[PDB]
Amino acid sequence: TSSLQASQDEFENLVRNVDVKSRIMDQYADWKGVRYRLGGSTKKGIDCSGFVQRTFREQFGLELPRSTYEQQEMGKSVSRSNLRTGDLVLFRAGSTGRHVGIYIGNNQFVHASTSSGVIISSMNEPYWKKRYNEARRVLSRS
Amino acid sequence: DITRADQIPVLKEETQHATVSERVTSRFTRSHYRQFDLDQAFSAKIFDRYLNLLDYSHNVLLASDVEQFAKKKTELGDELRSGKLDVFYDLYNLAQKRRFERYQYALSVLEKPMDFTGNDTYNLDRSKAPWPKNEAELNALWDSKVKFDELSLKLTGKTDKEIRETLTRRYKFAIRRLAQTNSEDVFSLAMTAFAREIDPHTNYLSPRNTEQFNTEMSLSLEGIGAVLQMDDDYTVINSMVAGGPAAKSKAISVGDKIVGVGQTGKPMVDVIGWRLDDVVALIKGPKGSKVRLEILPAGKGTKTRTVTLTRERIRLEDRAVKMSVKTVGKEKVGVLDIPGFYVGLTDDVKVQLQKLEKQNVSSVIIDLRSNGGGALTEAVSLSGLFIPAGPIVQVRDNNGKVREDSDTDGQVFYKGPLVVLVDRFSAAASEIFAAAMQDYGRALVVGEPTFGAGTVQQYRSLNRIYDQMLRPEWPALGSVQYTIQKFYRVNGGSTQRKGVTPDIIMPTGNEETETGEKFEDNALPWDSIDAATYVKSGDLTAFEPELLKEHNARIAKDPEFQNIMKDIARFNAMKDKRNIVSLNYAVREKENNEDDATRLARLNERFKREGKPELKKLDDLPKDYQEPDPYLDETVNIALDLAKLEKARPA
Amino acid sequence: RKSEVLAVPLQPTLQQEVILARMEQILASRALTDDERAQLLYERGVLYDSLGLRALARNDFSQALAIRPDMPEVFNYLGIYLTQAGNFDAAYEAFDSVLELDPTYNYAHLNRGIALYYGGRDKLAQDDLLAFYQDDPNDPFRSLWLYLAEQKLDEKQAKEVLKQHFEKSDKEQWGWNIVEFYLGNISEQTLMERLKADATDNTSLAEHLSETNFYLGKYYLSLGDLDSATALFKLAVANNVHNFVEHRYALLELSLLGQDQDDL
């Protein structure tokens, strides 16, 4: 009831997705502290949606659309209780209407906020906990 | 061509069949909810079941041969687990040769009156009967069935000269098609005997039947779609696929048909009198194939031309994907007609029952009439629309572990009150659906007590990974469906024997029907596990007096409910002497005229009630659609009064 | 409540580690056919199994099967792992595949019997284990497993059949001493002393202790002494002989006992 318990398919899935957090953190390390800029796709200034697009394209090869609204309809919806790393977390920011980030585990998500640029933030923070919307999964590979 | 008994070929078991049986046997013996063993007793019961399957009506059976082969009625277990189905094939071959011995004299004689109907009787339940000992009695009795059929055809039917010669042709071609059965029939018959002896829902599917189940669970027909029916070596292309891509090439129609055709460049094998399964298998093809299409005069004509037509993924669907949620009438009260719990039923109904969450909801209805259960994951994904993330069904294996299946993706999208209408011939997944809504108290149960199925089956292929590599000459192998788990409601109870007792009883349901799970062989017992955790919305399931007496008023205030109660009284009167029916042409013509006069009287009463002109003769009115269902109208009235309450019961 | 013999728990040998390193090196290279690749994958899975890395072993076996699907030994190991995981139906199917690709792989019968034994199909397990006994009646552990199966049907009959098997054997292999203890013929102290006598090096001592502690745990479990059973199973698994069926199914029995303790 230890290791053998997990089936062979589950084992392959674990080996194939064990580095997802590591890749997102690679992107974060190369990209942490970059300023926030609306409609920006460069290290000179980037927005949440552009950061999500570049991250999912450069770390996984998934070419998501550009706007947060289009990304919000991408992939398949997921519930709060069972959300994995690499899923898209959507907040009702309202500065442009919506906000997109990348969940990394332990109620944490990487995102390019308008206040402090691209950073890690907590789902349990009062601002984000109060202003949570939906969540979408796009890394379909299992 | 056609000759005598020697012409009947000696059937032999096919190469892969052995292995197939073995695997099947293995599964059935090792992994099945019923803890049984393939002992001598079970082998004998398999022998008896296979005998009853060979001829259900106890027509052509022979005590001598039965006892000759009842010597090895203990070895059937070794036969199954060894793959050498020798006894089954030998017994089937002897039955085929004895088919000729069944009778000979009557044929073509279809008009000349040879026998009179002087207060004779005939059994309608011919299952319980001893094995015939002599020969003369059955040789004489066989003609009675076809002679009574032709006498009733003189009572009601078509003209004599047109249909009689075709009926004689049908009988000769029936004798012909009986001598054209393949080994797959015998194999599947034996496997079905075994499975049904185990459990009524356990079954084996031949490769043809495996493709049938796959399409019935995918709708992705691979070939050319067309619903067909045959009459004497010619099938009639009804081709109701209309909007079908192979139907876009409707250059041929119902009368522009041919027999011999090829597939994607194969030699045009002139099929002349082949089996329906054979010609349908020849008509099918993979995704991305071709088909030979011949051009002929649109009607009767002998002038063939050759062209091509394409094959691709074709999805024939008798579904209505229509999404018109409008506030019309008094409330948005709709009826949802479900033909089956398809794997794609959630993927096509989510277009229907999703987009109304923020807007105003209403009392809509879901009708599960004549339903067939397809998938359990789909049943839970469809039942999660009306219940905000909750256990829909509990499953229990032979060990004792209980698991509650619920898709943890999505809240109650349709926040409106709901009425479920269900009949007695409903699917098991439909029972799960209705039981979930009844235990949650969110919907209202209306209709007839269901069939009462409480067993979960597993559908598995019989293919190993090494089959393709080292046995390339083998064909596709069958599949199996064996009961692995038993399902229960969240209230703790089950529907394996007691079914679901609805809050709104219907008149046609009050009769004691001789159908259901009880009259099925080897049906499992009843057991109630402890109740699950679930939030019940008001204890209105046991206390429904508000709409109960209202709808009793409604059923006592209309003559349709009364005429239907008269029909069920006729049923309750006839079912006393239902098993043995008496055939006197005088009293039979009397009852036929009585039924025709009663139908004409009821039609004139409803015409006077509705203001439509009265019918006088049966010739002007063609075959059309009769009244669909007054119980759906009572469900709409129930939904109306439910919206009345919700307007008067927010406090 | 008794003094016990103890061995130095088995440590991975240098040979195993050099072989595993070279196997990694060879599989790293491209110059290898698919048959040779599946062979090396099966061997590396076998080595992982011998080292107790059962998930990695199952991975290498599954890959070797994805290369060559006609490997009965891979199906055998996969069925053993399914038994250990508690998925008994899949184990039955895997062993069926073993016997389908090769019906002379007799040990498969034993394994499937054990599966059925742990599944609850005591009669079918009896059939398979009796077949295995027919293949060689003098092997004491075959008779031991047959008795373990038959005990779920008729205790007296099973003990009598075990005594008959013991009498009919040559009584040459040491394992029969366990059988003797199962027959009330030698004291447990005599069993342990004969064990000490028959062991030459630390590894043979570890093997002896594994097998005997597993069977003694089963014995004390049948008598209702849960604590002695758990302790004997732990002392068995402590020998670090991950290749013995006694080791695997001792872990399994410990898991089942923990399961029984957890649910009240």
# chains A, B, ... in the order shown; residues from 1 in each chain; ligands from 1

call {"tool": "interface_residues", "arguments": {"of": "chain A", "to": "chain B", "cutoff": "12 Å", "atoms": "only C-alpha atoms", "output": "JSON, numbers by chain"}}
result
{"A": [76, 77, 78, 79, 80, 81, 82, 83, 134, 135, 136, 137]}

call {"tool": "write_last_selection", "arguments": {"atoms": "C-alpha atoms", "output": "short mmCIF file (atom, residue, chain, number, x, y, z; two decimals), in the first residue's frame"}}
result
data_model
loop_
_atom_site.label_atom_id
_atom_site.label_comp_id
_atom_site.auth_asym_id
_atom_site.auth_seq_id
_atom_site.Cartn_x
_atom_site.Cartn_y
_atom_site.Cartn_z
CA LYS A 76 -11.48 23.08 -19.46
CA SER A 77 -13.00 24.53 -16.31
CA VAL A 78 -11.77 23.25 -12.94
CA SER A 79 -13.03 23.55 -9.37
CA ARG A 80 -11.20 25.18 -6.48
CA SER A 81 -10.93 22.00 -4.39
CA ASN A 82 -9.04 20.03 -7.08
CA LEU A 83 -6.73 22.43 -8.93
CA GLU A 134 -12.96 30.69 -11.78
CA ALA A 135 -10.10 28.40 -12.75
CA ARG A 136 -9.15 26.72 -16.02
CA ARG A 137 -6.84 23.83 -16.87
#

call {"tool": "residues_around", "arguments": {"residues": "residue B:468", "least_positions_apart": "5", "cutoff": "12 Å", "atoms": "only C-alpha atoms", "output": "PyMOL selection string"}}
result
(chain B and resi 463+473-477) or (chain C and resi 68-70)

call {"tool": "write_last_selection", "arguments": {"atoms": "N, CA and C atoms", "output": "PDB file, in the first residue's frame"}}
result
ATOM      1  N   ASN B 463      -9.161  -8.624 -25.794  1.00  0.00           N
ATOM      2  CA  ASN B 463      -7.951  -8.564 -26.601  1.00  0.00           C
ATOM      3  C   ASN B 463      -6.739  -8.363 -25.703  1.00  0.00           C
ATOM      4  N   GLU B 473      -3.828 -13.827 -38.257  1.00  0.00           N
ATOM      5  CA  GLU B 473      -4.959 -14.364 -39.004  1.00  0.00           C
ATOM      6  C   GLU B 473      -6.246 -14.415 -38.191  1.00  0.00           C
ATOM      7  N   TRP B 474      -6.216 -14.041 -36.914  1.00  0.00           N
ATOM      8  CA  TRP B 474      -7.441 -14.042 -36.133  1.00  0.00           C
ATOM      9  C   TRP B 474      -8.305 -12.835 -36.493  1.00  0.00           C
ATOM     10  N   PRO B 475      -9.627 -12.977 -36.421  1.00  0.00           N
ATOM     11  CA  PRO B 475     -10.495 -11.803 -36.570  1.00  0.00           C
ATOM     12  C   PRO B 475     -10.600 -11.020 -35.272  1.00  0.00           C
ATOM     13  N   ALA B 476     -11.465 -10.010 -35.246  1.00  0.00           N
ATOM     14  CA  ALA B 476     -11.724  -9.282 -34.012  1.00  0.00           C
ATOM     15  C   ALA B 476     -12.407 -10.184 -32.992  1.00  0.00           C
ATOM     16  N   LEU B 477     -12.000 -10.051 -31.736  1.00  0.00           N
ATOM     17  CA  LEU B 477     -12.529 -10.872 -30.659  1.00  0.00           C
ATOM     18  C   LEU B 477     -13.669 -10.139 -29.962  1.00  0.00           C
TER      19      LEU B 477
ATOM     20  N   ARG C  68       8.375  -5.380 -26.702  1.00  0.00           N
ATOM     21  CA  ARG C  68       7.990  -6.732 -27.096  1.00  0.00           C
ATOM     22  C   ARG C  68       6.788  -7.185 -26.279  1.00  0.00           C
ATOM     23  N   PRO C  69       5.612  -7.360 -26.886  1.00  0.00           N
ATOM     24  CA  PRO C  69       4.425  -7.753 -26.117  1.00  0.00           C
ATOM     25  C   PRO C  69       4.317  -9.245 -25.840  1.00  0.00           C
ATOM     26  N   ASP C  70       5.283 -10.053 -26.276  1.00  0.00           N
ATOM     27  CA  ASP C  70       5.219 -11.496 -26.074  1.00  0.00           C
ATOM     28  C   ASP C  70       6.215 -11.961 -25.017  1.00  0.00           C
TER      29      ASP C  70
END

call {"tool": "select_by_dssp", "arguments": {"residues": "stretch 330-435 of chain B", "states": "strand (DSSP E)", "output": "PyMOL selection string"}}
result
chain B and resi 335-337+364-368+393-396+402-405+418-422

call {"tool": "write_last_selection", "arguments": {"atoms": "N, CA, C and O atoms", "output": "compact mmCIF listing (two decimals), in the first residue's frame"}}
result
# COMPACT_ATOMS: atom_id res chain seq x y z
N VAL B 335 -40.36 19.84 -21.62
CA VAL B 335 -40.25 18.40 -21.49
C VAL B 335 -38.98 17.96 -22.20
O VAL B 335 -38.77 18.30 -23.37
N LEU B 336 -38.14 17.21 -21.50
CA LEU B 336 -36.90 16.69 -22.06
C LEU B 336 -37.05 15.20 -22.31
O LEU B 336 -37.25 14.42 -21.38
N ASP B 337 -36.96 14.81 -23.58
CA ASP B 337 -37.14 13.43 -23.99
C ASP B 337 -35.76 12.79 -24.19
O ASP B 337 -35.01 13.21 -25.07
N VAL B 364 -39.18 23.01 -15.05
CA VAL B 364 -39.08 22.19 -16.25
C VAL B 364 -39.12 20.72 -15.87
O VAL B 364 -38.96 20.34 -14.70
N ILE B 365 -39.36 19.87 -16.87
CA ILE B 365 -39.59 18.45 -16.68
C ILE B 365 -38.57 17.66 -17.49
O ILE B 365 -38.11 18.10 -18.55
N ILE B 366 -38.22 16.49 -16.98
CA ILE B 366 -37.29 15.56 -17.61
C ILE B 366 -37.97 14.21 -17.71
O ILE B 366 -38.32 13.60 -16.69
N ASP B 367 -38.20 13.75 -18.94
CA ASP B 367 -38.94 12.53 -19.22
C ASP B 367 -37.97 11.41 -19.57
O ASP B 367 -37.19 11.53 -20.53
N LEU B 368 -38.01 10.32 -18.80
CA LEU B 368 -37.12 9.19 -19.03
C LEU B 368 -37.92 7.97 -19.49
O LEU B 368 -37.78 6.88 -18.94
N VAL B 393 -24.44 8.40 -6.66
CA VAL B 393 -24.64 6.96 -6.56
C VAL B 393 -23.53 6.37 -5.70
O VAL B 393 -22.39 6.85 -5.70
N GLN B 394 -23.87 5.33 -4.94
CA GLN B 394 -22.91 4.55 -4.18
C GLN B 394 -22.70 3.21 -4.87
O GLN B 394 -23.65 2.63 -5.38
N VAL B 395 -21.47 2.74 -4.89
CA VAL B 395 -21.13 1.46 -5.50
C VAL B 395 -20.45 0.59 -4.46
O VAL B 395 -19.67 1.08 -3.63
N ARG B 396 -20.75 -0.71 -4.50
CA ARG B 396 -20.23 -1.68 -3.54
C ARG B 396 -19.86 -2.95 -4.29
O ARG B 396 -20.69 -3.52 -5.00
N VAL B 402 -17.30 0.72 -0.12
CA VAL B 402 -18.34 1.56 -0.70
C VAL B 402 -17.70 2.84 -1.21
O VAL B 402 -16.91 3.47 -0.50
N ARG B 403 -18.02 3.21 -2.45
CA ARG B 403 -17.50 4.43 -3.05
C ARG B 403 -18.66 5.26 -3.59
O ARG B 403 -19.54 4.74 -4.27
N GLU B 404 -18.64 6.56 -3.30
CA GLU B 404 -19.66 7.49 -3.77
C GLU B 404 -19.11 8.23 -4.98
O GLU B 404 -18.12 8.97 -4.85
N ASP B 405 -19.73 8.04 -6.14
CA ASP B 405 -19.24 8.67 -7.35
C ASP B 405 -19.93 10.01 -7.58
O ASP B 405 -21.17 10.08 -7.62
N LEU B 418 -37.58 21.20 -10.53
CA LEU B 418 -37.61 20.24 -11.62
C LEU B 418 -38.58 19.10 -11.30
O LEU B 418 -38.72 18.70 -10.14
N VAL B 419 -39.25 18.62 -12.34
CA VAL B 419 -40.12 17.45 -12.23
C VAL B 419 -39.55 16.36 -13.12
O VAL B 419 -39.24 16.61 -14.29
N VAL B 420 -39.38 15.16 -12.56
CA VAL B 420 -38.93 14.00 -13.31
C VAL B 420 -40.13 13.11 -13.56
O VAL B 420 -40.86 12.77 -12.62
N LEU B 421 -40.36 12.75 -14.82
CA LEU B 421 -41.40 11.81 -15.21
C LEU B 421 -40.71 10.54 -15.69
O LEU B 421 -39.86 10.59 -16.59
N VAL B 422 -41.06 9.41 -15.07
CA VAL B 422 -40.43 8.13 -15.38
C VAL B 422 -41.51 7.06 -15.53
O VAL B 422 -42.54 7.10 -14.86

call {"tool": "interface_residues", "arguments": {"of": "chain C", "to": "chain A", "cutoff": "12 Å", "atoms": "only C-alpha atoms", "output": "ChimeraX atom specification"}}
result
/C:49,52-63,77-87,90,248-249,251-259

call {"tool": "closest_atom_pairs", "arguments": {"of": "chain C", "to": "chain B", "cutoff": "10 Å", "atoms": "only C-alpha atoms", "output": "Markdown table"}}
result
| residue | atom | partner | partner_atom | distance |
| --- | --- | --- | --- | --- |
| C:65 | CA | B:465 | CA | 8.9 |
| C:66 | CA | B:465 | CA | 8.9 |
| C:68 | CA | B:466 | CA | 8.6 |
| C:69 | CA | B:466 | CA | 5.2 |
| C:70 | CA | B:466 | CA | 5.6 |
| C:71 | CA | B:466 | CA | 8.9 |
| C:88 | CA | B:31 | CA | 8.8 |
| C:89 | CA | B:31 | CA | 6.1 |
| C:90 | CA | B:31 | CA | 9.5 |
| C:92 | CA | B:30 | CA | 7.8 |
| C:93 | CA | B:27 | CA | 8.1 |
| C:94 | CA | B:464 | CA | 9.8 |
| C:96 | CA | B:23 | CA | 8.2 |
| C:97 | CA | B:464 | CA | 7.8 |
| C:100 | CA | B:19 | CA | 9.0 |
| C:101 | CA | B:466 | CA | 8.5 |
| C:116 | CA | B:30 | CA | 8.3 |
| C:119 | CA | B:399 | CA | 9.1 |
| C:120 | CA | B:399 | CA | 8.9 |
| C:121 | CA | B:30 | CA | 7.4 |
| C:123 | CA | B:37 | CA | 8.4 |
| C:124 | CA | B:30 | CA | 8.3 |

call {"tool": "write_last_selection", "arguments": {"atoms": "N, CA and C atoms", "output": "PDB file, in the first residue's frame"}}
result
ATOM      1  N   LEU C  65       7.540  -4.450 -22.172  1.00  0.00           N
ATOM      2  CA  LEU C  65       6.323  -4.964 -22.793  1.00  0.00           C
ATOM      3  C   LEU C  65       5.879  -4.077 -23.947  1.00  0.00           C
ATOM      4  N   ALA C  66       5.956  -2.756 -23.765  1.00  0.00           N
ATOM      5  CA  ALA C  66       5.642  -1.833 -24.848  1.00  0.00           C
ATOM      6  C   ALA C  66       6.568  -2.024 -26.039  1.00  0.00           C
ATOM      7  N   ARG C  68       8.375  -5.380 -26.702  1.00  0.00           N
ATOM      8  CA  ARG C  68       7.990  -6.732 -27.096  1.00  0.00           C
ATOM      9  C   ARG C  68       6.788  -7.185 -26.279  1.00  0.00           C
ATOM     10  N   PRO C  69       5.612  -7.360 -26.886  1.00  0.00           N
ATOM     11  CA  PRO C  69       4.425  -7.753 -26.117  1.00  0.00           C
ATOM     12  C   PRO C  69       4.317  -9.245 -25.840  1.00  0.00           C
ATOM     13  N   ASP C  70       5.283 -10.053 -26.276  1.00  0.00           N
ATOM     14  CA  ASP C  70       5.219 -11.496 -26.074  1.00  0.00           C
ATOM     15  C   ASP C  70       6.215 -11.961 -25.017  1.00  0.00           C
ATOM     16  N   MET C  71       6.267 -11.264 -23.882  1.00  0.00           N
ATOM     17  CA  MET C  71       7.190 -11.609 -22.805  1.00  0.00           C
ATOM     18  C   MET C  71       6.420 -12.148 -21.605  1.00  0.00           C
ATOM     19  N   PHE C  88      -6.529  -7.766  -7.598  1.00  0.00           N
ATOM     20  CA  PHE C  88      -6.397  -9.202  -7.815  1.00  0.00           C
ATOM     21  C   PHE C  88      -6.908  -9.625  -9.186  1.00  0.00           C
ATOM     22  N   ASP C  89      -7.964  -8.982  -9.689  1.00  0.00           N
ATOM     23  CA  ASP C  89      -8.488  -9.339 -11.006  1.00  0.00           C
ATOM     24  C   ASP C  89      -7.436  -9.127 -12.089  1.00  0.00           C
ATOM     25  N   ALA C  90      -6.765  -7.973 -12.057  1.00  0.00           N
ATOM     26  CA  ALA C  90      -5.702  -7.713 -13.019  1.00  0.00           C
ATOM     27  C   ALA C  90      -4.566  -8.712 -12.866  1.00  0.00           C
ATOM     28  N   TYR C  92      -4.945 -11.884 -11.902  1.00  0.00           N
ATOM     29  CA  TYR C  92      -5.466 -13.067 -12.578  1.00  0.00           C
ATOM     30  C   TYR C  92      -5.246 -12.953 -14.076  1.00  0.00           C
ATOM     31  N   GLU C  93      -5.576 -11.790 -14.639  1.00  0.00           N
ATOM     32  CA  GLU C  93      -5.456 -11.611 -16.083  1.00  0.00           C
ATOM     33  C   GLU C  93      -3.999 -11.690 -16.528  1.00  0.00           C
ATOM     34  N   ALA C  94      -3.093 -11.070 -15.769  1.00  0.00           N
ATOM     35  CA  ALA C  94      -1.677 -11.108 -16.121  1.00  0.00           C
ATOM     36  C   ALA C  94      -1.143 -12.533 -16.097  1.00  0.00           C
ATOM     37  N   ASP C  96      -2.941 -15.241 -16.457  1.00  0.00           N
ATOM     38  CA  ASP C  96      -3.551 -15.872 -17.621  1.00  0.00           C
ATOM     39  C   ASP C  96      -2.731 -15.602 -18.874  1.00  0.00           C
ATOM     40  N   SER C  97      -2.255 -14.365 -19.038  1.00  0.00           N
ATOM     41  CA  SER C  97      -1.387 -14.052 -20.172  1.00  0.00           C
ATOM     42  C   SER C  97      -0.083 -14.835 -20.093  1.00  0.00           C
ATOM     43  N   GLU C 100      -0.828 -18.207 -21.231  1.00  0.00           N
ATOM     44  CA  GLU C 100      -1.201 -18.216 -22.641  1.00  0.00           C
ATOM     45  C   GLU C 100       0.029 -18.153 -23.535  1.00  0.00           C
ATOM     46  N   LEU C 101       0.993 -17.295 -23.192  1.00  0.00           N
ATOM     47  CA  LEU C 101       2.225 -17.235 -23.969  1.00  0.00           C
ATOM     48  C   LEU C 101       3.114 -18.444 -23.707  1.00  0.00           C
ATOM     49  N   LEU C 116      -5.477 -15.575  -5.885  1.00  0.00           N
ATOM     50  CA  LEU C 116      -6.815 -16.029  -5.542  1.00  0.00           C
ATOM     51  C   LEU C 116      -6.939 -16.229  -4.040  1.00  0.00           C
ATOM     52  N   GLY C 119      -7.458 -13.076  -2.713  1.00  0.00           N
ATOM     53  CA  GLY C 119      -8.661 -12.489  -3.267  1.00  0.00           C
ATOM     54  C   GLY C 119      -9.913 -12.956  -2.558  1.00  0.00           C
ATOM     55  N   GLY C 120      -9.902 -14.208  -2.116  1.00  0.00           N
ATOM     56  CA  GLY C 120     -11.046 -14.831  -1.480  1.00  0.00           C
ATOM     57  C   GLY C 120     -11.586 -16.025  -2.232  1.00  0.00           C
ATOM     58  N   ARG C 121     -11.110 -16.275  -3.452  1.00  0.00           N
ATOM     59  CA  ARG C 121     -11.511 -17.444  -4.230  1.00  0.00           C
ATOM     60  C   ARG C 121     -10.674 -18.626  -3.751  1.00  0.00           C
ATOM     61  N   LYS C 123     -11.352 -21.811  -3.443  1.00  0.00           N
ATOM     62  CA  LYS C 123     -11.406 -23.051  -4.212  1.00  0.00           C
ATOM     63  C   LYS C 123     -10.490 -22.982  -5.430  1.00  0.00           C
ATOM     64  N   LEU C 124     -10.563 -21.884  -6.187  1.00  0.00           N
ATOM     65  CA  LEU C 124      -9.698 -21.728  -7.353  1.00  0.00           C
ATOM     66  C   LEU C 124      -8.231 -21.662  -6.941  1.00  0.00           C
TER      67      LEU C 124
END

call {"tool": "residues_around", "arguments": {"residues": "residue B:316", "least_positions_apart": "3", "cutoff": "7 Å", "atoms": "only C-alpha atoms", "output": "JSON, numbers by chain"}}
result
{"B": [219, 221, 225, 241]}

call {"tool": "decode", "arguments": {"residues": "stretch 122-134 of chain A", "atoms": "N, CA, C and O atoms", "output": "compact mmCIF listing (two decimals), in the first residue's frame"}}
result
# COMPACT_ATOMS: atom_id res chain seq x y z
N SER A 122 -0.42 34.88 -2.76
CA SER A 122 -1.17 33.86 -2.05
C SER A 122 -2.66 33.97 -2.34
O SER A 122 -3.22 35.07 -2.36
N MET A 123 -3.30 32.82 -2.57
CA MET A 123 -4.75 32.80 -2.74
C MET A 123 -5.47 33.25 -1.48
O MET A 123 -6.58 33.78 -1.55
N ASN A 124 -4.85 33.04 -0.31
CA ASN A 124 -5.45 33.41 0.96
C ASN A 124 -5.29 34.89 1.30
O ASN A 124 -5.80 35.31 2.35
N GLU A 125 -4.60 35.66 0.48
CA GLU A 125 -4.52 37.09 0.71
C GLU A 125 -5.93 37.69 0.66
O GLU A 125 -6.75 37.26 -0.16
N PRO A 126 -6.24 38.67 1.52
CA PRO A 126 -7.62 39.18 1.56
C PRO A 126 -8.11 39.70 0.22
O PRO A 126 -9.24 39.39 -0.19
N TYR A 127 -7.26 40.45 -0.50
CA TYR A 127 -7.67 41.00 -1.79
C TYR A 127 -8.01 39.90 -2.78
O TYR A 127 -9.06 39.95 -3.43
N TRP A 128 -7.14 38.90 -2.91
CA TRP A 128 -7.37 37.86 -3.91
C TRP A 128 -8.40 36.84 -3.44
O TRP A 128 -9.20 36.35 -4.25
N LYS A 129 -8.40 36.52 -2.14
CA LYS A 129 -9.42 35.61 -1.61
C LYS A 129 -10.82 36.19 -1.80
O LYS A 129 -11.75 35.47 -2.17
N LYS A 130 -10.98 37.50 -1.56
CA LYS A 130 -12.27 38.13 -1.76
C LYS A 130 -12.64 38.21 -3.24
O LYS A 130 -13.83 38.16 -3.58
N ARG A 131 -11.65 38.33 -4.12
CA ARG A 131 -11.91 38.61 -5.53
C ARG A 131 -11.53 37.44 -6.43
O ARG A 131 -10.89 37.63 -7.46
N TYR A 132 -11.93 36.23 -6.05
CA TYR A 132 -11.66 35.04 -6.86
C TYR A 132 -12.84 34.77 -7.78
O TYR A 132 -14.00 35.00 -7.42
N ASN A 133 -12.54 34.28 -8.99
CA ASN A 133 -13.57 34.02 -9.98
C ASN A 133 -13.61 32.53 -10.28
O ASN A 133 -14.23 31.76 -9.53
N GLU A 134 -12.96 32.08 -11.35
CA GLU A 134 -12.96 30.69 -11.78
C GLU A 134 -11.53 30.22 -12.00
O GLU A 134 -10.57 30.95 -11.76
